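If you read the sequences in order, they're chains A and A'. A prime marks a further copy of an entry chain. Counting along the first sequence from 1, when you hit position 275 you're at 275 in the deposited numbering, and nothing is skipped either side. Counting along the second sequence from 1, when you hit position 19 you're at 19 in the deposited numbering, and nothing is skipped either side. Working notes, structure below.
Number of protein chains: 2
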Amino acid sequence: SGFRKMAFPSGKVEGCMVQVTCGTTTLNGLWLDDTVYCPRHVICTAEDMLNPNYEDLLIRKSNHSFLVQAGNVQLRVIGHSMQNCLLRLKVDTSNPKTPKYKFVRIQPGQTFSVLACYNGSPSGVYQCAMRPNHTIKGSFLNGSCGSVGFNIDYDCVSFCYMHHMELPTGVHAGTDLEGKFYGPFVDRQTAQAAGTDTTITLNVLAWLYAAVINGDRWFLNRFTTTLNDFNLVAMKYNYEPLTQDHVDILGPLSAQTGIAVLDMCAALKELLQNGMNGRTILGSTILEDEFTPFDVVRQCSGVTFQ
Amino acid sequence: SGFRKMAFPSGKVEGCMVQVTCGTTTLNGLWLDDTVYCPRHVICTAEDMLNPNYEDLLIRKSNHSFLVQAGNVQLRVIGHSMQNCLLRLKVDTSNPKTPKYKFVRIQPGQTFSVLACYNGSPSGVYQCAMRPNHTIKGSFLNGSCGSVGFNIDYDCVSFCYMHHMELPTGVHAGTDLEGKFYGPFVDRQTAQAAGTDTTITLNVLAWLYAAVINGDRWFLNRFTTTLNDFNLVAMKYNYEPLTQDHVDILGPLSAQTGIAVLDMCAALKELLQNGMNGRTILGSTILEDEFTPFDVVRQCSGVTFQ
Ligand SMILES: CNC(=O)c1cc(Br)cc([N+](=O)[O-])c1N[C@@H]1CCCC[C@@H]1NC(=O)c1cncc2ccccc12
Ligand SMILES: CNC(=O)c1cc(Br)cc([N+](=O)[O-])c1N[C@@H]1CCCC[C@@H]1NC(=O)c1cncc2ccccc12
């Protein structure tokens with residue numbers, strides 16, 4: 001029993017974190033095979049950042065403008081290229097600890113583990129959800145750029161996030177491992193801000209199924225609802241609209257609990273309209289939306305506490 | 001910015017998890033140097049558990065009654081002993097991935113990272129606090145016994161918890177790495193239950209200091225309080241009594257924010273009496289008590305957002 005925000009074991013990623021220095025700036029890089037990936041703003045000064053032209057800044061650098069430190073060892077750069085908002089540094093040594101890996105672009109609402117690193121040294125690990133406004137509510141200080149987000153399936157690491165910046169409201173933005181930003185953000189110092197956010201409806205429903213799997217049914221009711229009638233309530237409370245694709249995704253959790261998806265939507269509607277009456281669900285006084293259906297199946301028992 | 005329940009990177013511990021089999025039971029073990037540690041109830045059957053005599057059960061086993069699997073490799077047991085509620089198995093191979101480590105017994109209210117493992121394979125990582133009633137609110141299924149809790153200081157792993165059981169309310173109990181249980185629990189199937197719990201006052205205060213460090217002061221007031229007047233309110237709301245030792249511990253966080261400890265206690269008293277008025281603190285609608293002062297200093301900036 002129990003239900004926690006649970007990250008993937010981070011060991012496979014720890015053996016890939018390095019330090020990258022360009023001039024006076026140091027940040028983290030990701031060392032896979034003979035390549036080190038890091039944010040391209042490592043080549044910028046404080047003044048460059050206000051209006052950088054990265055093509056023009058990078059042509060002025062050589063291979064020996066970059067220092068890569070893997071633990072105690074210096075790695076020699078033998079090539080460099082830019083891929084969107086990432087710098088790719090070729091190094092003289094293949095990482096012996098390179099795991100089986102993939103680069104994936106995750107979708108809003110999906111979750112991943114974050115390995116916070118400073119000066120190439122892993123510092124902490126926690127679980128994050130990609131918000132609908134393409135930010136994450138991470139925990140990051142200066143020096144955290146280059147930190148990565150990942151999922152692990154069996155022995156294969158799926159890297160999906162590299163950290164680049166913190167926005168004025170304190171939330172965080174970055175790229176996939178092809179250097180394409182999540183969201184409309186850019187790596188320059190401008191007045192950009194995160195857009196308005198919304199609650200991840202699919203995740204709230206998955207989490208309510210987790211509560212039933214783990215033995216709690218107090219929030220259910222005798223009612224059902226249509227997609228359209230639920231989405232009218234969802235609009236009022238700033239929830240994402242429920243789609244038929246989301247209904248189909250909840251199929252297995254609906255089958256394990258015997259609660260039809262639209263019946264659980266009637267439960268959620270009632271929770272939104274009446275509140276929770278000073279009760280808790282899986283220890284929470286609010287509706288959690290940072291667990292996907294996959295996270296619930298990963299963590300919960302396959303047998304419901306009936 | 002940001003503030004998350006953050007675990008230590010788990011890689012150093014992952015390289016120490018093995019599988020231990022005795023008869024039909026399989027659970028996790030901790031492999032350090034030439035020794036594997038695991039719960040002694042691995043030698044019990046379902047019937048033994050109702051009333052086991054572990055001295056009598058263990059004398060009936062040989063070295064080859066135990067199978068240890070480290071990844072793909074079988075480790076040969078060459079010795080076995082019991083230390084309190086743990087089995088110690090000597091094996092023919094020293095773990096090459098053994099980190100610098102220590103065994104510590106943590107105190108109630110302190111936190112640690114948990115590496116959940118099944119069949120000797122790490123599954124997930126999350127952060128837990130030792131409750132005052134000597135349980136932890138973990139996330140564990142059958143097969144999780146032998147999973148360990150740890151902290152990491154620099155490159156030294158301080159193991160403090162090994163998982164043994166889940167209690168009727170769904171919370172978890174276990175031992176230190178000398179096999180002594182936290183709390184009054186025993187490794188046999190009886191009617192034992194977790195005692196009544198209480199809120200960790202020192203941690204709530206540390207977390208309020210984190211909120212101020214990160215830029216939020218809405219919950220402060222112009223009042224101060226004495227230790228005794230606070231503890232009268234603490235008794236009413238099921239908070240641990242505040243001691244002078246706890247006041248001394250908060251010294252550095254008080255210095256960084258310029259908020260005297262007894263002034264922050266006046267703030268907390270007002271929060272307990274008036275509620276939070278539909279506001280949040282560091283994203284939470286409730287008062288968090290699973291962050292120690294050490295956790296706050298570890299994660300927060302050393303400069304306050306004034
Ligand atoms: C704070 N401000 C921005 O982060 C920022 C804002 C904008 Br608008 C654009 C960029 N940009 O184009 O890179 C930004 N990144 C900074 C500029 C140069 C590259 C790295 C810089 N950021 C960090 O070091 C950083 C990351 N995470 C959490 C932090 C917490 C405290 C202090 C710093 C950080
Ligand atoms: C459930 N019941 C107890 O866990 C239990 C209760 C008491 Br009272 C005493 C013991 N005791 O003396 O060991 C217990 N451990 C069981 C007995 C043999 C040793 C391992 C057993 N437990 C687990 O496998 C287990 C651990 N964590 C979370 C779980 C979630 C679901 C199912 C199982 C677990």
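Where a beta carbon is used, it is the ideal one built from N, C-alpha and C, also for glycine.
Taking only three categories from DSSP, how would you classify residue i?
i, result
"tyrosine 209(A')", "helix"
"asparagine 28(A)", "strand"
"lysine 12(A)", "helix"
"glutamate 55(A)", "helix"
"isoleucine 43(A)", "helix"
"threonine 201(A)", "helix"
"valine 297(A)", "helix"
"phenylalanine 305(A)", "coil"
"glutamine 69(A')", "strand"
"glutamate 270(A')", "helix"
"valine 247(A)", "helix"
"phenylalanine 230(A)", "helix"
"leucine 287(A)", "coil"
"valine 125(A')", "strand"
"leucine 220(A)", "coil"
"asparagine 151(A)", "strand"
"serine 1(A')", "coil"
"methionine 6(A)", "coil"
"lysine 97(A)", "coil"
"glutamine 192(A')", "coil"
"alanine 260(A)", "coil"
"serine 158(A')", "strand"
"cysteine 85(A)", "coil"
"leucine 50(A)", "helix"
"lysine 236(A')", "helix"
Report all residues from its chain with a CB closer than 6 Å to the CB of residue i; omit the five preceding and five following residues, and keep chain order.
i, result
"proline 108(A')", "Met130, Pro132"
"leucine 30(A')", "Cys16, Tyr37, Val148"
"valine 104(A)", "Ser158, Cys160"
"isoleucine 281(A')", "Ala211"
"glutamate 14(A)", "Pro122"
"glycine 195(A')", "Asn133"
"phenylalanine 8(A')", "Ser113, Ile152"
Suppose the cutoff is 7 Å on Cβ atoms and the five residues either side in sequence are ignored; what does the same chain contact list for residue i look like?
i, result
"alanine 191(A')", "none"
"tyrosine 237(A')", "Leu272"
"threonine 25(A)", "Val42"
"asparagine 231(A')", "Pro241, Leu242"
"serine 254(A)", "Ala260, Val261"
"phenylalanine 223(A')", "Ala266"
"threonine 135(A)", "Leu167, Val171, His172, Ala173, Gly183, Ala194"
"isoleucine 106(A)", "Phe112, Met130, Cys160"
"residue 333(A)", "A question about residue 333(A) goes unanswered here, because the residues of chain A that appear run from 1 up to 306."
Suppose the cutoff is 8 Å on Cβ atoms and the five residues either side in sequence are ignored; what does the same chain contact list for residue i look like?
i, result
"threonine 35(A')", "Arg88, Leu89, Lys90, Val91"
"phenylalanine 140(A)", "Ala116, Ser147, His163, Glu166, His172"
"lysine 61(A')", "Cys22, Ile43, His80"
"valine 296(A')", "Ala206, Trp207, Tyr209, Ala210, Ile213, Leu253"
"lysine 102(A')", "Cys156, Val157, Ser158, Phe159"
"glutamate 55(A')", "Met82"
"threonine 169(A')", "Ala193, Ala194"
Please report the Cβ distance between residue i and residue j, rounded to the nearest whole angstrom; I am assuming they are in contact, meaning their Cβ atoms lie under 8 Å.
i, j, result
"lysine 100(A)", "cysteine 156(A)", "4 Å"
"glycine 138(A')", "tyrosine 118(A')", "14 Å between Cβ atoms; not a contact."
"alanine 267(A)", "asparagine 221(A)", "6 Å"
"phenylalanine 150(A')", "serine 113(A')", "6 Å"
"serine 284(A)", "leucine 115(A)", "That belief does not hold up - the Cβ atoms of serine 284(A) and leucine 115(A) are roughly 25 Å apart, past 8 Å."
"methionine 82(A)", "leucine 50(A)", "Contact flag wrong, Cβ pair sits at about 20 Å."
"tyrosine 209(A)", "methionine 276(A)", "That pair is no contact at about 17 Å."
"residue 316(A')", "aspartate 187(A')", "Any answer about residue 316(A') is impossible in this case: the structure gives chain A' only from 1 up to 306."
"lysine 5(A)", "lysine 12(A')", "Actually they are not in contact, since the Cβ atoms of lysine 5(A) and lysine 12(A') sit about 22 Å apart, beyond 8 Å."
"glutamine 256(A')", "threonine 304(A')", "6 Å"
Under 6 Å: does the beta carbon of residue i sit that close to some heavy atom of ligand 3?
i, result
"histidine 41(A)", "Ligand 3 is absent from the structure shown, which contains only ligand 1 and ligand 2."
Check: Looking at C-beta atoms only, is the number of pairs between the region 271 to 291 of chain A' and the region 173 to 181 of chain A' that lie closer than 8 Å three or more?
Finding: The region 173 to 181 of chain A' and the region 271 to 291 of chain A' do not touch, with fewer than three beta-carbon pairs separated by less than 8 Å.
Notebook entry, point to check: Counting pairs of Cβ atoms below 8 Å between the region 194 to 204 of chain A' and the region 278 to 298 of chain A', do you hit three or more?
Noted result: Flag = yes, the region 194 to 204 of chain A' and the region 278 to 298 of chain A' touch.
Notebook entry, point to check: How about the region 52 to 69 of chain A and the region 8 to 22 of chain A: do they share at least three Cβ pairs that are nearer than 8 Å?
Noted result: Output reads yes: the region 8 to 22 of chain A touches the region 52 to 69 of chain A.
Margin query: I'd like to know if the region 244 to 255 of chain A and the region 214 to 225 of chain A are in contact, where contact means that at least 3 CB-CB pairs between them fall below 8 Å.
Written below: Flag = no, the region 244 to 255 of chain A and the region 214 to 225 of chain A do not touch.
Note to self: Check whether the region 77 to 84 of chain A' and the region 113 to 128 of chain A' are in contact - that is, three or more C-beta pairs closer than 8 Å.
What the structure shows: In short, these stretches do not touch, since the Cβ pair count stays below three.
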